[PDB]
Amino acid sequence: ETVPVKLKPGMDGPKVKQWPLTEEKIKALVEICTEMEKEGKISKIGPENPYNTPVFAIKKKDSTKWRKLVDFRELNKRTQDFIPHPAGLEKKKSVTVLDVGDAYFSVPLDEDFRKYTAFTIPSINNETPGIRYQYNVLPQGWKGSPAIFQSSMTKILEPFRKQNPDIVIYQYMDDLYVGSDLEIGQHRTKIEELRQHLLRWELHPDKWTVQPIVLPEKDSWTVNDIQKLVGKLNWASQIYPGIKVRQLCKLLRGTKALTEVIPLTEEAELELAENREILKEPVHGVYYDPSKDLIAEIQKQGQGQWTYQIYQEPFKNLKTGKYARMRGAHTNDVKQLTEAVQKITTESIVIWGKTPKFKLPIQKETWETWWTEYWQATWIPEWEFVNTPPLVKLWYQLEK
Amino acid sequence: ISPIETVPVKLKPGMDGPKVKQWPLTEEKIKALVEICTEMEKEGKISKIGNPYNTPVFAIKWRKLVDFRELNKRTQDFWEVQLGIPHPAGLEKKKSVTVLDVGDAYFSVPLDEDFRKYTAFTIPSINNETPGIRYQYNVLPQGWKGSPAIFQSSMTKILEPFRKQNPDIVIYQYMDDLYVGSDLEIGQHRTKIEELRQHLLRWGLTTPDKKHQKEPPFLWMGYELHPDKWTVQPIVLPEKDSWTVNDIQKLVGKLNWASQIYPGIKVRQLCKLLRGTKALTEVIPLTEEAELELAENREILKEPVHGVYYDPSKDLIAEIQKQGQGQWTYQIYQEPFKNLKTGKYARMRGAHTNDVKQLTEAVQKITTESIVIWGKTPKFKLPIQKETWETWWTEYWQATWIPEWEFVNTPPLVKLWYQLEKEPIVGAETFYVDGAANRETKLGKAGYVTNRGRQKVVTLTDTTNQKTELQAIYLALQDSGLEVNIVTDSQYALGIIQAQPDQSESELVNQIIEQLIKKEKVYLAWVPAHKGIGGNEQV
Ligand SMILES: CC[C@H]1C(=O)Nc2ccc(F)cc2N1C(=O)OC(C)C
């Protein structure tokens with residue numbers, strides 16, 4: 001029994017190249033892949049199958065074993081289309097994610113669609129022709145899986161849902177998001193309860209928003225101080241038209257030494273005051289648009305600090321934030337960035353139920369050869385690489 | 001009829017079989033083909049038939065040739081045969097290594113009967129009229145899109161067994177070859193080869209007898225391979241009295257290739273000879289330098305470059321050198337002075353970068369390489385102080401990284417040619433710079449005004465929007481003490497400079513960089529253009 005899944009009109013199968021992998025990772029994929037083949041989850045394939053999808057191995061949150069991960073991004077895009085977001089999920093005192101990837105294997109994949117799910121296991125130095133396989137069951141990571149399995153998913157969920165209502169359950173791809181206001185102990189104990197249920201077959205959203213910008217405060221100001229202050233505000237006026245630098249810029253006339261101290265006019269004084277007040281809140285009229293793509297930009301602040309914004313339109317932020325590197329990532333820019341992107345995406349899902357498109361301050365090559373080494377999530381957002389404009393940085397560096 | 005199952009082949013969706021016309025051929029070319037097609041028929045490779053589709057047959061004793069170019073254009077895509085093949089440096093030492101030319105094996109594999117119809121071709125006639133001799137292929141056609149692919153795979157499955165039965169035996173299939181190696185004793189080995197051979201044969205696969213099989217060392221993308229080590233095939237540099245462009249280009253190509261293995265190779269002067277060349281056949285006299293350069297190269301190329309295979313039980317170490325700005329060299333070894341590999345990276349030339357950055361890139365290329373050669377990352381021995389690294393990285397605007405590495409003091413070291421001040425400098429003159437130029441004319445001026453009253457301005461002809469500003473800045477630098485402050489409304493400075501480049505495409509920039517490097521302390525500050533902002537309102 002299977003539903004006849006198809007590709008979007010006129011779309012052809014993915015033919016993406018496999019990137020090189022650490023010997024270690026390769027050894028695992030093979031171990032893993034033989035297991036699945038035994039259990040009939042996959043089958044080696046003929047050369048008459050030209051498609052391909054990248055695959056790799058990870059060791060997510062706390063484990064001595066490797067997990068197979070497949071990048072179906074392309075496939076996903078070409079897959080035809082087919083539950084809405086629980087506007088309250090965002091409003092719960094605590095959320096917990098769940099990996100229900102396994103549930104999928106319990107289902108046959110349409111016969112004529114499998115070819116497109118083809119993947120390749122490499123061999124160091126091309127000393128061996130790669131190991132070609134294609135799925136027989138719904139694979140983890142493909143957008144089709146959560147769907148075709150929606151039916152049996154809800155079915156097994158009702159009894160727990162209906163049993164609590166003060167708890168929310170949201171499913172994104174391989175993942176499951178659940179939130180409750182119950183205290184920590186109860187929350188967790190209740191989670192396990194859910195796991196148990198499923199077995200039969202740490203977010204706190206209340207801190208996320210657009211963030212507060214604070215301007216410097218000083219005993220005495222220098223020309224420089226003021227020039228910098230002014231460049232910032234001026235820019236900021238693309239977000240707040242009420243922000244004004246008239247008075248301040250007047251103090252800047254003549255050609256004084258960058259280090260000379262300037263006394264502030266009462267006007268300038270009020271101006272500063274007036275701007276501080278305008279900035280006390282996020283710009284008005286910012287509403288998420290479901291029809292548009294969600295954008296998530298990131299800046300390197302340094303010293304392990306990282307700012308980010310999530311918007312759909314320029315200078316209209318749905319949310320902004322800082323992220324400070326985790327323990328033991330010190331010498332690793334890539335790890336931190338990777339860490340943050342995952343965090344920002346989870347938080348994006350939690351809120352609007354989808355992943356944003358990232359703009360990364362890192363070279364494509366650097367990112368490509370190492371991101372997989374620290375990835376842990378079942379999903380994989382979209383991304384492009386960019387050059388950070390100096391001011392965007394200085395500005396967001398000012399958040400409280 | 002034959003052992004192996006066929007693979008299911010399809011024509012691209014919508015397309016259909018070839019329809020080409022058979023050229024007219026001489027009476028002696030026809031006879032030759034008639035005879036070949038009879039044998040082939042016998043041997044069972046082709047079947048007599050006489051089918052809408054047709055492909056042109058040729059004649060080059062005579063040897064036949066069929067043109068599938070059309071068929072191919074109509075043949076489904078396959079899973080491509082990797083063009084990325086083993087690099088000596090990533091191979092293992094074997095007590096022995098054989099090679100089995102399975103040349104005739106191509107035609108030893110059944111073609112999806114369902115698809116044979118398409119291969120239909122026709123032997124012409126002297127009689128423009130008479131019914132041509134019609135045939136089609138039963139096996140993989142020499143020169144057909146699918147051939148390469150299929151065959152390997154087939155081969156692959158046939159070895160599946162034997163490999164499984166012999167975990168201590170490495171087999172490598174390339175083209176119509178099989179590099180079978182191992183660490184067993186010569187008889188043990190010999191015996192196994194012979195075992196392999198009969199197994200292949202059990203599948204209708206033919207190999208040459210022991211009194212035919214090729215010999216070591218082996219030729220591999222530039223090297224001679226012994227089972228215990230490799231040596232570079234010595235490269236021959238012509239010696240002519242007349243050098244054409246073509247000549248110099250080939251040469252250069254060759255020389256460049258050498259740079260990797262051999263150290264000290266240069267082509268700057270040889271490369272010069274190609275300036276303004278009007279034709280490939282054009283003869284260019286070698287200058288003195290070019291005559292010299294070329295000489296030292298012949299000397300270097302004599303030297304035998306011997307190498308060592310990959311010992312999976314030892315550290316993989318890469319050490320790097322800056323052979324010049326943007327020029328880097330590296331060698332990868334496991335034992336001091338016994339490299340499995342070396343190479344150099346061409347002077348990548350950007351729009352604006354710095355050495356530390358460039359170093360980082362080299363490191364990443366190297367890394368990606370090894371991940372392939374060895375599926376592992378090397379421990380880096382780098383000509384840069386950890387202090388330097390930590391200073392630059394911790395604050396660079398762009399996410400960067402270098403895997404495990406250690407400092408190695410081998411001049412010239414890679415450093416920060418200069419560091420813009422974190423704060424304005426007290427007592428240091430403050431230049432308020434600005435440049436303006438007629439967008440369209442390429443006429444402009446650039447100058448500054450300091451707090452100390454010093455002023456200047458220059459008119460510039462044939463200049464752009466950006467160039468003036470930068471020049472403004474340039475001037476300020478020239479005309480200031482070892483310490484200066486410079487304020488500018490240039491967006492271009494804010495980045496390009498504040499991102500502290502020590503090399504660029506823009507010559508101007510280059511100059512500013514030279515200047516910057518010279519000072520003792522420089523603080524740059526940016527301010528919004530076209531504002532009541534003083535200084536900026538002077539400009
Ligand atoms: C089969 C053994 C395998 C290997 O590990 N080391 C060597 C060493 C020397 C050789 F001449 C060949 C090879 N081998 C190989 O596959 O090389 C192909 C590129 C020709």
# chains A, B, ... in the order shown; residues from 1 in each chain; ligands from 1

$ closest_atom_pairs --of "chain B" --to "ligand 1" --cutoff "9 Å" --atoms "only C-alpha atoms and all ligand atoms" --output "Markdown table"
| residue | atom | partner | partner_atom_place_in_ligand_line | distance |
| --- | --- | --- | --- | --- |
| B:85 | CA | ligand 1 | 19 (C) | 7.5 |
| B:86 | CA | ligand 1 | 19 (C) | 5.4 |
| B:87 | CA | ligand 1 | 19 (C) | 6.8 |
| B:88 | CA | ligand 1 | 19 (C) | 6.5 |
| B:90 | CA | ligand 1 | 5 (O) | 8.0 |
| B:91 | CA | ligand 1 | 5 (O) | 4.3 |
| B:92 | CA | ligand 1 | 5 (O) | 3.7 |
| B:93 | CA | ligand 1 | 6 (N) | 5.3 |
| B:94 | CA | ligand 1 | 6 (N) | 5.8 |
| B:95 | CA | ligand 1 | 8 (C) | 8.8 |
| B:96 | CA | ligand 1 | 2 (C) | 7.8 |
| B:97 | CA | ligand 1 | 1 (C) | 5.6 |
| B:98 | CA | ligand 1 | 1 (C) | 7.3 |
| B:99 | CA | ligand 1 | 20 (C) | 8.2 |
| B:169 | CA | ligand 1 | 1 (C) | 7.9 |
| B:170 | CA | ligand 1 | 1 (C) | 4.9 |
| B:171 | CA | ligand 1 | 1 (C) | 5.3 |
| B:172 | CA | ligand 1 | 16 (O) | 4.7 |
| B:173 | CA | ligand 1 | 16 (O) | 7.9 |
| B:174 | CA | ligand 1 | 20 (C) | 7.9 |
| B:177 | CA | ligand 1 | 20 (C) | 8.9 |
| B:178 | CA | ligand 1 | 20 (C) | 8.1 |
| B:179 | CA | ligand 1 | 1 (C) | 4.8 |
| B:180 | CA | ligand 1 | 1 (C) | 4.4 |
| B:181 | CA | ligand 1 | 1 (C) | 3.7 |
| B:182 | CA | ligand 1 | 2 (C) | 6.5 |
| B:216 | CA | ligand 1 | 11 (F) | 6.6 |
| B:217 | CA | ligand 1 | 11 (F) | 6.1 |
| B:218 | CA | ligand 1 | 11 (F) | 4.9 |
| B:219 | CA | ligand 1 | 11 (F) | 7.7 |
| B:220 | CA | ligand 1 | 19 (C) | 6.5 |
| B:221 | CA | ligand 1 | 19 (C) | 8.7 |
| B:224 | CA | ligand 1 | 11 (F) | 7.7 |
| B:225 | CA | ligand 1 | 11 (F) | 4.4 |
| B:226 | CA | ligand 1 | 9 (C) | 5.2 |
| B:227 | CA | ligand 1 | 9 (C) | 4.1 |
| B:228 | CA | ligand 1 | 8 (C) | 6.8 |
| B:229 | CA | ligand 1 | 9 (C) | 7.0 |
| B:230 | CA | ligand 1 | 9 (C) | 7.5 |
| B:309 | CA | ligand 1 | 8 (C) | 7.4 |
| B:310 | CA | ligand 1 | 5 (O) | 8.3 |

$ write_last_selection --atoms "C-alpha atoms" --output "PDB file, in the first residue's frame"
ATOM      1  CA  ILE B  85      40.837   8.973  -9.276  1.00  0.00           C
ATOM      2  CA  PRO B  86      43.469   7.906  -6.701  1.00  0.00           C
ATOM      3  CA  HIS B  87      46.497  10.168  -6.185  1.00  0.00           C
ATOM      4  CA  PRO B  88      49.738   8.316  -5.445  1.00  0.00           C
ATOM      5  CA  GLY B  90      47.121   8.517  -0.765  1.00  0.00           C
ATOM      6  CA  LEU B  91      48.077   4.938  -1.682  1.00  0.00           C
ATOM      7  CA  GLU B  92      49.401   2.112   0.388  1.00  0.00           C
ATOM      8  CA  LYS B  93      52.607   0.209   0.146  1.00  0.00           C
ATOM      9  CA  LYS B  94      52.080  -3.320  -1.180  1.00  0.00           C
ATOM     10  CA  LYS B  95      54.436  -6.228  -1.188  1.00  0.00           C
ATOM     11  CA  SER B  96      53.181  -6.792  -4.725  1.00  0.00           C
ATOM     12  CA  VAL B  97      50.924  -5.199  -7.328  1.00  0.00           C
ATOM     13  CA  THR B  98      49.550  -6.698 -10.513  1.00  0.00           C
ATOM     14  CA  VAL B  99      47.631  -5.363 -13.482  1.00  0.00           C
ATOM     15  CA  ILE B 169      43.564  -8.126  -1.240  1.00  0.00           C
ATOM     16  CA  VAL B 170      43.165  -4.743  -2.908  1.00  0.00           C
ATOM     17  CA  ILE B 171      41.728  -4.460  -6.376  1.00  0.00           C
ATOM     18  CA  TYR B 172      41.520  -1.249  -8.402  1.00  0.00           C
ATOM     19  CA  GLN B 173      39.519  -0.965 -11.610  1.00  0.00           C
ATOM     20  CA  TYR B 174      40.370   1.868 -13.952  1.00  0.00           C
ATOM     21  CA  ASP B 177      42.534  -2.428 -16.064  1.00  0.00           C
ATOM     22  CA  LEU B 178      42.598  -4.047 -12.659  1.00  0.00           C
ATOM     23  CA  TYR B 179      45.338  -3.093 -10.212  1.00  0.00           C
ATOM     24  CA  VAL B 180      45.410  -6.022  -7.799  1.00  0.00           C
ATOM     25  CA  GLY B 181      47.847  -5.610  -4.934  1.00  0.00           C
ATOM     26  CA  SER B 182      48.641  -7.083  -1.504  1.00  0.00           C
ATOM     27  CA  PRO B 216      56.093  -2.305 -12.617  1.00  0.00           C
ATOM     28  CA  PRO B 217      56.814   0.406 -11.961  1.00  0.00           C
ATOM     29  CA  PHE B 218      53.487   1.752 -13.078  1.00  0.00           C
ATOM     30  CA  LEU B 219      52.522   4.940 -14.895  1.00  0.00           C
ATOM     31  CA  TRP B 220      50.122   7.069 -13.029  1.00  0.00           C
ATOM     32  CA  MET B 221      49.061  10.546 -13.773  1.00  0.00           C
ATOM     33  CA  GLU B 224      56.248   5.861 -11.931  1.00  0.00           C
ATOM     34  CA  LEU B 225      54.923   3.559  -9.150  1.00  0.00           C
ATOM     35  CA  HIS B 226      56.892   0.886  -7.454  1.00  0.00           C
ATOM     36  CA  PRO B 227      55.023  -1.190  -4.896  1.00  0.00           C
ATOM     37  CA  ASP B 228      57.230   0.191  -2.091  1.00  0.00           C
ATOM     38  CA  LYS B 229      57.584   3.692  -3.457  1.00  0.00           C
ATOM     39  CA  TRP B 230      57.051   6.208  -6.266  1.00  0.00           C
ATOM     40  CA  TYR B 309      53.390   5.854   0.144  1.00  0.00           C
ATOM     41  CA  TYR B 310      50.754   6.251   2.785  1.00  0.00           C
TER      42      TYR B 310
END

$ interface_residues --of "chain B" --to "chain A" --cutoff "7 Å" --atoms "only C-alpha atoms" --output "ChimeraX atom specification"
/B:8-9,77-79,84-87,90,149-150,172,364,368,371-376,394-395,397-401,424,426,430,450-451,494-495,527-528,532-535

$ residues_around --residues "residue A:342" --least-positions-apart "6" --cutoff "12 Å" --atoms "only C-alpha atoms" --output "short mmCIF file (atom, residue, chain, number, x, y, z; two decimals) with N, CA, C and O atoms, in the first residue's frame"
data_model
loop_
_atom_site.label_atom_id
_atom_site.label_comp_id
_atom_site.auth_asym_id
_atom_site.auth_seq_id
_atom_site.Cartn_x
_atom_site.Cartn_y
_atom_site.Cartn_z
N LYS A 60 24.92 13.99 17.18
CA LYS A 60 24.16 15.01 17.90
C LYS A 60 24.21 14.86 19.42
O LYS A 60 24.76 13.90 19.95
N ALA A 296 17.13 35.51 7.85
CA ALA A 296 17.88 35.51 9.07
C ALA A 296 19.33 35.82 8.77
O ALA A 296 20.06 34.96 8.28
N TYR A 323 24.01 35.99 20.50
CA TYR A 323 24.30 34.60 20.80
C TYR A 323 25.76 34.59 21.23
O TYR A 323 26.63 35.11 20.53
N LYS A 335 32.21 26.41 14.50
CA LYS A 335 31.39 25.67 15.44
C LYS A 335 30.34 26.60 16.01
O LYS A 335 29.15 26.27 16.03
N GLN A 336 30.79 27.77 16.46
CA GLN A 336 29.90 28.76 17.03
C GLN A 336 28.83 29.16 16.05
O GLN A 336 27.65 29.11 16.37
N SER A 348 13.06 29.83 15.00
CA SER A 348 12.28 30.30 13.87
C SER A 348 11.11 29.36 13.68
O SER A 348 9.99 29.78 13.38
N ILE A 349 11.38 28.07 13.85
CA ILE A 349 10.36 27.04 13.71
C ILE A 349 9.33 27.25 14.80
O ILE A 349 8.14 27.38 14.53
N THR A 355 11.73 27.31 8.64
CA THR A 355 13.11 27.74 8.75
C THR A 355 13.42 28.97 7.91
O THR A 355 12.89 29.13 6.80
N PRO A 356 14.28 29.86 8.42
CA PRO A 356 14.59 31.04 7.61
C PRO A 356 15.72 30.77 6.61
O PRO A 356 16.31 29.67 6.59
N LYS A 357 15.99 31.75 5.77
CA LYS A 357 17.08 31.62 4.82
C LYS A 357 18.23 32.42 5.44
O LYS A 357 18.10 33.63 5.69
N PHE A 358 19.35 31.77 5.70
CA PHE A 358 20.46 32.49 6.30
C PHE A 358 21.42 33.19 5.37
O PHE A 358 21.64 32.77 4.24
N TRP A 371 31.06 22.55 8.28
CA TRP A 371 29.82 22.68 9.06
C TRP A 371 29.25 21.38 9.57
O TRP A 371 28.75 21.29 10.69
N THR A 372 29.34 20.36 8.74
CA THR A 372 28.84 19.04 9.09
C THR A 372 29.46 18.48 10.36
O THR A 372 28.86 17.64 11.04
N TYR A 374 29.81 19.86 13.10
CA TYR A 374 29.18 20.31 14.34
C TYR A 374 27.68 20.42 14.29
O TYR A 374 27.06 20.91 15.24
N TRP A 375 27.11 19.96 13.19
CA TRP A 375 25.67 19.97 12.99
C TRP A 375 25.05 18.90 13.86
O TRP A 375 25.67 17.85 14.09
N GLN A 376 23.83 19.13 14.32
CA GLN A 376 23.19 18.12 15.15
C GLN A 376 21.71 17.91 14.81
O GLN A 376 21.17 16.82 15.02
N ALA A 377 21.08 18.95 14.26
CA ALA A 377 19.66 18.90 13.88
C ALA A 377 19.32 18.00 12.71
O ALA A 377 20.13 17.78 11.80
N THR A 378 18.09 17.50 12.72
CA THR A 378 17.62 16.62 11.66
C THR A 378 17.41 17.42 10.39
O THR A 378 17.63 16.92 9.30
N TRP A 379 16.97 18.67 10.51
CA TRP A 379 16.75 19.49 9.32
C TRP A 379 18.00 20.28 8.89
O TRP A 379 19.06 20.21 9.54
N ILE A 380 17.88 21.00 7.79
CA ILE A 380 18.97 21.81 7.23
C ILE A 380 18.38 22.99 6.47
O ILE A 380 17.81 22.83 5.40
N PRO A 381 18.54 24.20 7.01
CA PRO A 381 18.01 25.41 6.36
C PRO A 381 18.69 25.67 5.01
O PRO A 381 19.45 24.83 4.48
N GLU A 382 18.39 26.85 4.46
CA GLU A 382 18.99 27.30 3.21
C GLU A 382 19.98 28.36 3.62
O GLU A 382 19.87 28.93 4.71
#

$ select_by_dssp --residues "stretch 397-443 of chain B" --states "strand (DSSP E)" --output "compact mmCIF listing (two decimals) with N, CA, C and O atoms, in the first residue's frame"
# COMPACT_ATOMS: atom_id res chain seq x y z
N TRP B 405 47.04 23.03 14.94
CA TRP B 405 48.31 23.40 14.35
C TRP B 405 49.28 23.91 15.40
O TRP B 405 48.90 24.20 16.55
N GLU B 406 50.54 24.01 15.00
CA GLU B 406 51.59 24.49 15.88
C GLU B 406 52.44 25.48 15.12
O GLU B 406 52.49 25.47 13.89
N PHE B 407 53.11 26.35 15.87
CA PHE B 407 53.97 27.35 15.28
C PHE B 407 55.28 26.71 14.83
O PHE B 407 55.77 25.75 15.45
N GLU B 429 48.05 64.61 14.83
CA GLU B 429 47.32 65.50 13.95
C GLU B 429 46.06 64.83 13.48
O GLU B 429 46.02 63.61 13.35
N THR B 430 45.04 65.62 13.21
CA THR B 430 43.76 65.07 12.78
C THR B 430 43.41 65.56 11.38
O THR B 430 42.98 66.69 11.21
N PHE B 431 43.60 64.71 10.38
CA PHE B 431 43.27 65.11 9.02
C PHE B 431 41.81 64.85 8.65
O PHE B 431 41.33 63.71 8.75
N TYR B 432 41.10 65.90 8.22
CA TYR B 432 39.70 65.75 7.76
C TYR B 432 39.74 65.69 6.23
O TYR B 432 39.77 66.72 5.53
N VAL B 433 39.73 64.46 5.73
CA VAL B 433 39.83 64.24 4.30
C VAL B 433 38.53 64.16 3.52
O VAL B 433 37.47 63.81 4.05
N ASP B 434 38.66 64.51 2.25
CA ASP B 434 37.55 64.42 1.33
C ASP B 434 38.02 64.59 -0.11
O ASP B 434 38.99 65.32 -0.42
N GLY B 435 37.33 63.86 -0.97
CA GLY B 435 37.62 63.89 -2.38
C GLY B 435 36.30 63.93 -3.11
O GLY B 435 35.30 63.32 -2.69
N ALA B 436 36.31 64.68 -4.20
CA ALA B 436 35.14 64.84 -5.05
C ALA B 436 35.64 64.87 -6.50
O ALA B 436 36.73 65.38 -6.80
N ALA B 437 34.84 64.30 -7.39
CA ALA B 437 35.20 64.27 -8.79
C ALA B 437 33.96 64.20 -9.65
O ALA B 437 32.95 63.56 -9.29

$ closest_residue --among "B:367, B:38, B:153, B:455" --to "residue B:476" --atoms "only C-alpha atoms"
B:455

$ residues_around --residues "residue A:203" --least-positions-apart "5" --cutoff "7 Å" --atoms "only C-alpha atoms" --output "PyMOL selection string"
chain A and resi 94-96

$ write_last_selection --atoms "N, CA and C atoms" --output "compact mmCIF listing (two decimals), in the first residue's frame"
# COMPACT_ATOMS: atom_id res chain seq x y z
N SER A 94 7.78 26.67 28.37
CA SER A 94 8.90 25.79 28.04
C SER A 94 8.60 24.80 26.92
N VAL A 95 9.54 24.67 25.98
CA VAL A 95 9.38 23.72 24.87
C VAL A 95 10.49 22.68 24.87
N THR A 96 10.16 21.54 24.27
CA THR A 96 11.06 20.42 24.12
C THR A 96 10.80 19.81 22.74

$ closest_residue --among "B:236, B:30, B:317, B:139" --to "residue B:297" --atoms "only C-alpha atoms"
B:236

$ residues_around --residues "stretch 307-311 of chain A" --least-positions-apart "3" --cutoff "8 Å" --atoms "only C-alpha atoms" --output "PyMOL selection string"
chain A and resi 294-301+314-323+356+396-397

$ write_last_selection --atoms "C-alpha atoms" --output "compact mmCIF listing (two decimals), in the first residue's frame"
# COMPACT_ATOMS: atom_id res chain seq x y z
CA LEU A 294 11.80 34.57 6.36
CA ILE A 295 15.32 36.06 6.41
CA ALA A 296 17.88 35.51 9.07
CA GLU A 297 21.12 37.50 8.87
CA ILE A 298 24.11 37.07 11.25
CA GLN A 299 27.08 39.22 12.20
CA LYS A 300 30.34 38.41 13.82
CA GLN A 301 30.82 40.71 16.76
CA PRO A 314 14.68 45.46 5.11
CA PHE A 315 14.80 47.39 8.43
CA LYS A 316 11.61 45.63 9.63
CA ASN A 317 12.73 43.01 12.16
CA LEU A 318 10.43 40.31 13.45
CA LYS A 319 13.18 39.58 15.92
CA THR A 320 16.81 40.37 16.78
CA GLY A 321 19.31 38.80 19.17
CA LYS A 322 22.75 38.01 20.46
CA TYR A 323 24.30 34.60 20.80
CA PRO A 356 14.59 31.04 7.61
CA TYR A 396 23.53 45.90 16.58
CA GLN A 397 26.57 45.87 18.79

$ atom_distance --atom1 "atom CA of residue B:449" --atom2 "atom CA of residue B:418"
24.6 Å

$ residues_around --residues "residue A:347" --least-positions-apart "6" --cutoff "10 Å" --atoms "only C-alpha atoms" --output "ChimeraX atom specification"
/A:90,203-205,208,341,353-356

$ write_last_selection --atoms "N, CA and C atoms" --output "PDB file, in the first residue's frame"
ATOM      1  N   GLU A  90       4.505  29.401  20.618  1.00  0.00           N
ATOM      2  CA  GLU A  90       5.471  30.434  20.956  1.00  0.00           C
ATOM      3  C   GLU A  90       5.265  30.971  22.374  1.00  0.00           C
ATOM      4  N   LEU A 203      13.497  24.761  25.480  1.00  0.00           N
ATOM      5  CA  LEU A 203      13.312  26.152  25.100  1.00  0.00           C
ATOM      6  C   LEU A 203      12.380  26.838  26.085  1.00  0.00           C
ATOM      7  N   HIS A 204      12.499  28.164  26.178  1.00  0.00           N
ATOM      8  CA  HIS A 204      11.658  28.997  27.040  1.00  0.00           C
ATOM      9  C   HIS A 204      11.314  30.237  26.239  1.00  0.00           C
ATOM     10  N   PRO A 205      10.517  30.075  25.160  1.00  0.00           N
ATOM     11  CA  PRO A 205      10.055  31.116  24.234  1.00  0.00           C
ATOM     12  C   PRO A 205       9.793  32.473  24.810  1.00  0.00           C
ATOM     13  N   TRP A 208      12.158  35.742  23.772  1.00  0.00           N
ATOM     14  CA  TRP A 208      12.377  36.159  22.392  1.00  0.00           C
ATOM     15  C   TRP A 208      11.496  37.331  21.979  1.00  0.00           C
ATOM     16  N   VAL A 341      23.364  29.087  14.110  1.00  0.00           N
ATOM     17  CA  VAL A 341      22.377  28.892  13.065  1.00  0.00           C
ATOM     18  C   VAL A 341      21.342  27.897  13.487  1.00  0.00           C
ATOM     19  N   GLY A 353       6.839  28.393  12.465  1.00  0.00           N
ATOM     20  CA  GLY A 353       6.727  27.065  11.898  1.00  0.00           C
ATOM     21  C   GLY A 353       7.464  26.805  10.596  1.00  0.00           C
ATOM     22  N   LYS A 354       8.628  27.409  10.436  1.00  0.00           N
ATOM     23  CA  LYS A 354       9.413  27.170   9.239  1.00  0.00           C
ATOM     24  C   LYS A 354      10.793  27.733   9.471  1.00  0.00           C
ATOM     25  N   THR A 355      11.731  27.312   8.637  1.00  0.00           N
ATOM     26  CA  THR A 355      13.114  27.737   8.750  1.00  0.00           C
ATOM     27  C   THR A 355      13.423  28.966   7.906  1.00  0.00           C
ATOM     28  N   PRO A 356      14.280  29.864   8.420  1.00  0.00           N
ATOM     29  CA  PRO A 356      14.586  31.045   7.612  1.00  0.00           C
ATOM     30  C   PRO A 356      15.721  30.766   6.615  1.00  0.00           C
TER      31      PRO A 356
END

$ residues_around --residues "residue B:120" --least-positions-apart "6" --cutoff "12 Å" --atoms "only C-alpha atoms" --output "PyMOL selection string"
chain B and resi 17-22+46-57+66-68+71+132-138+141

$ closest_residue --among "B:538, B:441, B:142, B:485" --to "residue B:428" --atoms "only C-alpha atoms"
B:485

$ select_by_dssp --residues "stretch 104-337 of chain A" --states "helix (DSSP H, G or I)" --output "PyMOL selection string"
chain A and resi 104-106+114-117+124-126+144-148+150-161+184-199+223-236+246-251+266-278+333-337

$ closest_residue --among "A:214, A:89, A:193, A:172" --to "residue A:345" --atoms "only C-alpha atoms"
A:172

$ closest_residue --among "B:100, B:311, B:247, B:211" --to "residue B:197" --atoms "only C-alpha atoms"
B:100

$ atom_distance --atom1 "atom CA of residue A:194" --atom2 "atom CA of residue A:138"
22.9 Å

$ atom_distance --atom1 "atom CA of residue B:330" --atom2 "atom CA of residue B:344"
6.0 Å

$ closest_residue --among "A:175, A:267, A:281, A:192" --to "residue A:104" --atoms "only C-alpha atoms"
A:175
